[PDB]
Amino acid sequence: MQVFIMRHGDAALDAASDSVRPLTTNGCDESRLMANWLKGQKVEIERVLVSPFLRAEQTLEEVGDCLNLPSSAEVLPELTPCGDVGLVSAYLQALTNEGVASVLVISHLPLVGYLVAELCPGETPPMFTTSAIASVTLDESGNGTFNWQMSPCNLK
């Protein structure tokens, strides 16, 4: 199963509180940039998992505007910055055994980095710039391979 791990886009520093910080114009722009790149890669997203935080959901909105995404999305509490990478890993393994062919995961630091390591043996937490995407091929036994990583700058 193809897993695409994405860090939410650039977000405003100030808001009533952290969970509600909106995306910035640039954050939107770059998120659409990465979305179109994926579209050009013949990427077909079957399932979507997103953090409950506004910046994650908005990144999803923006992406969904350029890439054909599922009508629904699953808002996961464990995708927040302090999310339990173990439960995220298990959720992904579940979908893998379910038959799901591909999933797009939109989250935050430091979770995104740890998630890749947790899923892929021998890998250290990679560095994620905003809107950057990590590709991981996960098998039924929870064994994942870190394929590549793409960021708005390596396209820009």
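All residue numbers are counted from 1 along the displayed sequence.
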Mean Cα B factor from the PDB record: higher for 130-138, or higher for 11-19? 11-19
Higher-B stretch (mean Cα B-factor, as the entry records it), 97-105 or 22-30: 22-30
When the CA B-factors of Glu57, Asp65, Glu118, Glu46 are compared as recorded in the entry, which is the largest? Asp65
Consider only the C-alpha atoms of the modelled residues in this chain, order them by B-factor as the entry records it, and name the third containing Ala35: lowest, middle or highest. middle
Consider only the C-alpha atoms of the modelled residues in this chain, order them by B-factor as the entry records it, and name the third containing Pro81: lowest, middle or highest. middle
Comparing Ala90 with the other modelled residues of its chain, is its CA B-factor in the lowest, middle or highest third? lowest
Within-chain third of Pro52 by Cα B-factor, per the entry: lowest
In terms of the chain's CA B-factor thirds, is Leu111 lowest, middle or highest? middle
